[PDB]
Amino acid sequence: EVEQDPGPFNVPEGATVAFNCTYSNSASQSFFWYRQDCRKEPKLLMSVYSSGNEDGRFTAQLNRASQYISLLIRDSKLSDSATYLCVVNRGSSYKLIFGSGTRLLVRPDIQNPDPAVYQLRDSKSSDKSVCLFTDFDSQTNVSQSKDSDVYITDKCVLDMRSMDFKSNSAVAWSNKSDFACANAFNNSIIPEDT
């Protein structure tokens, strides 16, 4: 039995985030934190050595007497968003047991919000459109559509890395003949509505 935080952890960028994981067999010898994006495989984040481990923002600790390992992420960044797997060998064997995972989502620090809702025309001439709600800060949340035949994506953070500019956006669209962007992005923030 390997047990870790149920999660999820939803923290603002910059926050310290603490994970803890407990293992039931005292004889267990090898301990790891693995990380996993949603459509990917487990990759090793750090082994947890007898003295623990340190790597930049990341610290791990082993308390063998109490039978737990810890992971501490300081000054968390958007790139830390992933699922964190606790991993401990089945006592007195090479087989590994994986915990159920803790989902971490780090929200981007948006300092220059400029919330706006824009309409965008298809590049192929079909007079079809989508709606873009963008440049809002990470304290704005986006709810699923409450209307059938209306579609609203969750928010999504893009990173114009060359310059250190992030920005949030969500997409909405509908085939309903009178659909207008305000019908999906109803009152949420003070956006410029062109």
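Residue indices: 1-based, along the sequence shown.
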Next item on the list: Compare the mean C-alpha B-factor of 11 to 19 with that of 180 to 188 as given in the PDB entry, and name the stretch with the higher value.
Entry: 180 to 188
Item checked: Selected stretch [higher average CA B-factor]: 160 to 168 or 147 to 155 -> 160 to 168
Margin query: Among the choices 63, 59, 36, 140, identify the one whose CA B-factor in the record is greatest.
Written below: 140
Next item on the list: Within this chain's modelled residues, let me know which third the CA B factor of residue 89 belongs to: lowest, middle or highest.
Entry: middle
Note to self: Taking only the Cα B-factors deposited for this chain, tell me whether residue 123 sits in the lowest, middle or highest third.
What the structure shows: highest
Check: With respect to C-alpha B-factor, does residue 106 fall in the lowest, middle or highest third of the chain as deposited?
Finding: lowest
Check: What third of its chain, lowest, middle or highest, does the C-alpha temperature factor of residue 47 fall into?
Finding: lowest
Notebook entry, point to check: Can you tell me which third, lowest, middle or highest, the CA B-factor of residue 129 falls into for its chain?
Noted result: highest
